[PDB]
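Trainee: Got an experimental structure here, sequence first:
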Amino acid sequence: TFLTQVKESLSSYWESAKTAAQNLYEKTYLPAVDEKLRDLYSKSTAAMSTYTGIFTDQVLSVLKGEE
């Protein structure tokens, strides 16, 4: 790749900020899951892995009909 690389690059720079900000939030603080538990579901077939991106897609595109 190349184009997509630049994206994940600039985003990665801030990704960590979103990571440490997520963990302290409710990603690991007290989610009551954490991979070991957040994998059986989001791995059956990307139930929550790729759906996290399809969740909102079915909100704006269903609430405003635009996505």
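Mentor: Looks like it came in fine. Numbering: from 1, shown residues only.
Trainee: any idea how far the most centrally placed residue in the chain is from residue 43?
Mentor: By CA atoms, centre = their mean, the chain has its centre lying nearest to residue 52, at 5.1 Å. Separation of residue 52 from residue 43 (CB to CB, to the nearest Å): 13 Å. No exception for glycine: its C-beta is placed from N, CA and C like everyone else's.
Trainee: do the same with residue 59
Mentor: Separation of residue 59 from residue 43 (CB to CB) stands at 23 Å.
Trainee: same check, this time on residue 13
Mentor: Distance, residue 13 to residue 43, using CB to CB: 28 Å.
Trainee: Run through the helices of this structure in chain order.
Mentor: Secondary structure of the chain (DSSP state H): helices at 3-22, 51-63.
Trainee: Dump these to CSV, plus distance to residue 39.
Mentor: Listed next are those as CSV, based on distance: least, CB to CB, whole Å:
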stretch, distance to residue 39
helix 3-22, 17
helix 51-63, 14
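Trainee: and of the ones you listed, who's closest to residue 32?
Mentor: Closest approach to residue 32 among these (CB to CB): helix 3-22, 15.2 Å.
Trainee: Now residue 19. Nearest residue, chain neighbours left out?
Mentor: Counting by CB to CB, 6 or more residues apart in numbering, residue 27 is the residue found nearest to residue 19 once chain neighbours are left out, at 7.8 Å.
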